[PDB]
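Q: sequence first, structure after, both from an experimental entry:
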Amino acid sequence: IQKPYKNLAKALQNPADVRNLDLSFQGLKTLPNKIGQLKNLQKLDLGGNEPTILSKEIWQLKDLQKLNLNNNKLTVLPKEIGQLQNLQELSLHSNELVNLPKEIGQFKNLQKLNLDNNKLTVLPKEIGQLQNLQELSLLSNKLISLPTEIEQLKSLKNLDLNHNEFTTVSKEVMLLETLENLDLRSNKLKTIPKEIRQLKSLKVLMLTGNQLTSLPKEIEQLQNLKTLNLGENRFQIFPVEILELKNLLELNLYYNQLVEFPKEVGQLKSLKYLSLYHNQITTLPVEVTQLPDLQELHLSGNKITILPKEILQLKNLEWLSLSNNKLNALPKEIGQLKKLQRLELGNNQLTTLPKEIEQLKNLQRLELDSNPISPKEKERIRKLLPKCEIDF
Ligand SMILES: [Zn+2]
Ligand SMILES: [Zn+2]
Ligand SMILES: [Zn+2]
Ligand SMILES: [Zn+2]
């Protein structure tokens, strides 16, 4: 590992010693022919220059392991890129690529491929030849499908399809059993296939910003799942399948149309984070207070009228959000939440807070705007929590 040569003149003075060259954002239009003298080059950054920076001399620098061609207004990738047999990391992000050459499949040792922020409508069938690929990033493209040969990516751990045009998840993506992180955010998904059960190594599944109404029963088989992000979807019926995931740590279901907060949520015993912000929830079941490791509970923008006294059981809770609800009171048991740092209660029907709130020694912020609290009550509250930032 070498500190990068940022001065092209310095690099060309002792070319044999140049392993790392960073010419990014230097206003370079072309490369000098002399660049071919950098025979031991392993890392090359040509990002943020011009499309003409792609000198034919680059493709003869055979020791190249890492190449960054980001922000170069590239409309086409030369077929000669395939000659860089030793490439491990290739970055083509923030360009204007619509297609890729079939030669993209020649990188036998390719581990990371970044194609973020392009205009890709299709991937070549040869993408399947990248059998050592661990990360494929396609954020913000125009893909409606992936080639069936995507099933051949037997080492893939990270697949990022965030901001594309997918209407369904292909059954070939579901054959990538080594996947750990699958990002399908901001697509046009209406369903998740039953074949999701095959992704047994999946730790993170992001489906935020789609049109999902339900999940298949087979999602219960994702026993390695830690993060499940289902916010900004069309769930009206709570997907009870996800309540079988006893090792889940984070669950996001905000911006749905949920009418019921089921008692079975109490079965998510490892849950640390739960958001149900902006739904139609009326009642908080006693079973939610039975989550011993819960640190954040986000319930703002609902129709909750009361909190059960069993709230005291959430000993690890640090953040409780209940703004824009219909709360008439807080139970005195709120004072037992010793780790509470943030308590959002704006836009409710609160007139007072129990004396026991003074026990909230770690409380840093308390939000009480748009509540019918009288000036003398605001004074009393300030005195109960003198070190807390209180917004009235
Ligand atoms: Zn988008
Ligand atoms: Zn929205
Ligand atoms: Zn709203
Ligand atoms: Zn707030």
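A: Structure's in. What do you need? Residues are numbered from 1 along each chain as shown. Ligands and ions are numbered 1, 2, ... in the order given.
Q: measure the closest residue to residue 198 other than its chain neighbours to residue 200 for me?
A: Ranked by C-beta to C-beta, 6 or more residues apart in numbering and with sequence neighbours excluded, the top spatial neighbour of residue 198 is residue 174, at 5.2 Å. Just so you know, the C-beta spots here come from the backbone N, C-alpha and C atoms, and that holds for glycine as well. Taken as C-beta to C-beta, to the nearest Å, the spacing of residue 174 relative to residue 200 amounts to 11 Å.
Q: which one's more surrounded, the two?
A: residue 174 (20 against 13; other C-beta atoms under 10 Å).
Q: ramachandran coordinates for the more buried one?
A: As for residue 174, its main-chain torsions (degrees, to the nearest 10) stand at phi -70, psi -10.
Q: that one touches residue 192, doesn't it?
A: No: with contact defined as C-beta atoms under 8 Å, residue 174 does not count as touching residue 192 (9.5 Å).
Q: residue 228 - that's part of a strand, no?
A: Yes: assignment of residue 228 by DSSP: H, G, I helix; E, B strand; the rest coil places it within a strand.
Q: ok, now which ones touch it?
A: By C-beta atoms under 8 Å, 6 or more residues apart in numbering, the contact set of residue 228 is 205, 242, 245, 248, 250, 251, 252.
Q: quick check: residue 356 is in a strand.
A: No: with three-state DSSP as the criterion, residue 356 is helix rather than part of a strand.
Q: ok, and the closest non-adjacent residue to it?
A: Computed as C-beta to C-beta, 6+ apart, the closest residue to residue 356 that is not its neighbour in sequence is residue 335, at 3.1 Å.
Q: cool, residue 162 as well?
A: residue 185 (4.3 Å).
Q: with residue 56 instead?
A: residue 80 is the one closest to residue 56 (C-beta to C-beta, 6+ apart), at 6.9 Å.
Q: still on that earlier bit, how far away is the residue nearest to residue 198 from residue 193?
A: Where residue 193 is concerned, residue 174 sits at a distance of 6 Å (C-beta to C-beta).
Q: ok, now residue 334?
A: 44 Å.
Q: looking at the two, which is more packed in?
A: Using other C-beta under 10 Å, the more surrounded residue of residue 334 and residue 193 is residue 334, with 21 against 15.
Q: so who does the more buried one touch?
A: Per C-beta under 8 Å, 6+ apart, neighbours of residue 334: 307, 311, 353, 354, 356, 357, 360.
Q: out of those, who has the most neighbours?
A: residue 353 (25 neighbours).
Q: so it touches residue 384, yeah?
A: Yes: taking contacts as C-beta under 8 Å, residue 353 lies within contact range of residue 384: 7.1 Å.
Q: need the residues of this structure near ligand 4, please.
A: Within the chain, the positions lying close to ligand 4 (C-beta under 5 Å from the ion) are 344, 367.
Q: from the chain, which residue is nearest to ligand 1?
A: Proximity of the chain to ligand 1 (C-beta to the ion) peaks at residue 163, 3.6 Å away.
Q: so that residue touches residue 140, yeah?
A: Yes: taking C-beta under 8 Å as the definition, residue 163 is a contact partner of residue 140 at 4.2 Å.
Q: out of the contacts of residue 228, which sit inside strands?
A: Under the assignment DSSP state E, the contacts of residue 228 contribute 205, 250, 251, 252 to strands.
Q: ok, the residues you listed vs residue 133, which is closest?
A: The closest of the ones in strands among the contacts of residue 228 to residue 133 turns out to be residue 205 (C-beta to C-beta; 19.7 Å).
Q: so residue 378: helix, strand or coil?
A: Residue 378 ends up helix, using three-state DSSP.
Q: quick one: contacts for the nearest residue to it once chain neighbours are set aside?
A: Spatial nearest neighbour of residue 378, chain neighbours left out: residue 392 (5.2 Å); criterion: C-beta to C-beta, 6+ apart. Residue 392 is in contact with 368, 369, 371, 373, 378, counting by C-beta under 8 Å, 6+ apart.
Q: make it 7 Å
A: The contact partners of residue 392, by C-beta atoms under 7 Å, 6 or more residues apart in numbering, come to 368, 369, 373, 378.
Q: buried ones in stretch 30-46, by neighbour count?
A: In terms of neighbour count (16 or more other C-beta atoms under 10 Å), stretch 30-46 has its buried residues at 31, 35, 36, 37, 38, 41, 42, 43, 44, 45, 46.
Q: again, but for stretch 125-142
A: Applying 16+ other C-beta under 10 Å to stretch 125-142 flags 126-130, 133-141 as buried.
Q: farthest-apart pair in those, please.
A: Using C-beta to C-beta, those reach their maximum pairwise distance at 129 and 140, which is 24.7 Å.
Q: quick check: residue 127 touching residue 149?
A: Yes: Residue 127 is in contact with residue 149 according to C-beta atoms under 7 Å; the separation is 6.5 Å.
Q: in the sheet, who's paired with the residue of the stretch 251-392 of the chain found nearest ligand 4?
A: Per C-beta to the ion, the residue of the stretch 251-392 of the chain with the smallest distance to ligand 4 is residue 344, at 4.1 Å. As for beta bridges, residue 344 partners with residue 321, residue 367 under DSSP bridges.
Q: that concludes my questions; thank you for your assistance.
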